[PDB]
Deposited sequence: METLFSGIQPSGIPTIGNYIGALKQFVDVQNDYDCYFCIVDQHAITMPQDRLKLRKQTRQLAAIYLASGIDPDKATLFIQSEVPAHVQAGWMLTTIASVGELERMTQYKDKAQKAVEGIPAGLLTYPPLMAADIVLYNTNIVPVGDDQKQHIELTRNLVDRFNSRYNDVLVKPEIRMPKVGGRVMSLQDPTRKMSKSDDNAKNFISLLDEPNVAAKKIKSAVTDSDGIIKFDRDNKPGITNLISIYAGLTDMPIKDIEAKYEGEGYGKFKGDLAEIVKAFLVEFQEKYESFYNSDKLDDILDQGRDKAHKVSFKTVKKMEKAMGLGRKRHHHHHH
């Protein structure tokens, strides 16, 4: 079975685009892949962070992943700083990286040093779990390239202990675009809040955003990206939330206009978030959340400890006991 590793920034609430694109797919692929979902709070502090904002965000992301259906027995859901192997292996790989290499990553008071030195910690996050696949986007290609190069360098210089990962998302979800800018991807950090639907948006507010999505006044319910990106994006959201095939959606709304479709979709979005946020609040406000995060931490520690120890022996750190 292949191992998947995904790093999760505690720096913002995922949107329904992130849910349709990734989170919902993780809920299915966690049965067929050995999945690690790591809330990277040590990467988060490379940026300026408010320390209560950060601890709250971490719990929030954990709760959102659990509310999505991420299963702490099937997958390993943990907080990066709670597993020392990450900075242990991150330091080991730093020593074999070059300054030039790190500087070229930064391209693709002063400048905080974490912004230059985090890539070997990213590599460590991945290779500690013998990861085969990382489900990231084009913006992370250089980081995986460096990861693979560090693995090759480590194995070449000391001896074979580390596995090279590939960029692969096992089941790509639909691409969800900005509701009032259909040519750009939906983003949680938009300055136009009508562009995205947050998973923690009030369900009535989300339904209004479906209604304020920028489309023609009326038309047929047909999937057509290049000519009607507005209604097409909504069809994608509809398909992402109901699992109805797109051709099935077109056949269901044959002879219908936009108002009926957008009305049904707004109610679908509202019902989805009502159900999602009830699970979210129950995890977020429960004592079991710390029990779950402890269990995930212990699972990750068990696996990454052996990797760290193999690395330490290969470099000659510590003792032979």
Counting from 1 along the deposited sequence, give me every gap where there's no C-alpha, start to finish.
109-116, 330-335
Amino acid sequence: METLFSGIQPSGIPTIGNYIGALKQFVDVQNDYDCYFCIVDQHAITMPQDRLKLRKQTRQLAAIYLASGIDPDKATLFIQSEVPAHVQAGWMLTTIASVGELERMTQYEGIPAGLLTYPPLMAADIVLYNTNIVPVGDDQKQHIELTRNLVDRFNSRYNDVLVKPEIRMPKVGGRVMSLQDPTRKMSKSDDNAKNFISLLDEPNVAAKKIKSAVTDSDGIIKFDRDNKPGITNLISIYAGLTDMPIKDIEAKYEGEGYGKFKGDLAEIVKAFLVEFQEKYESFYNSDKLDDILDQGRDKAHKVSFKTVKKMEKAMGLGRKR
From here on, numbers count along this sequence of modelled residues.
So which stretch wins on mean C-alpha B-factor, 114-122 or 220-228?
220-228
Report the stretch with the higher mean CA temperature factor, choosing between 179-187 and 79-87 on the basis of the entry.
179-187
From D264, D34, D41, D294, the top C-alpha temperature factor is at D264
Considering only modelled residues of the same chain, in which third does the CA B-factor of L241 rank: lowest, middle or highest?
middle
Please place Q30 in the lowest, middle or highest third of its chain according to the CA B-factor in the PDB entry.
middle
Chain thirds by Cα B factor, record data; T58 belongs to the lowest
Would the CA B-factor of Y129 place it in the lowest, middle or highest third of its chain?
lowest
Could you say whether, by C-alpha temperature factor, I45 belongs to the lowest, middle or highest third of its chain?
middle
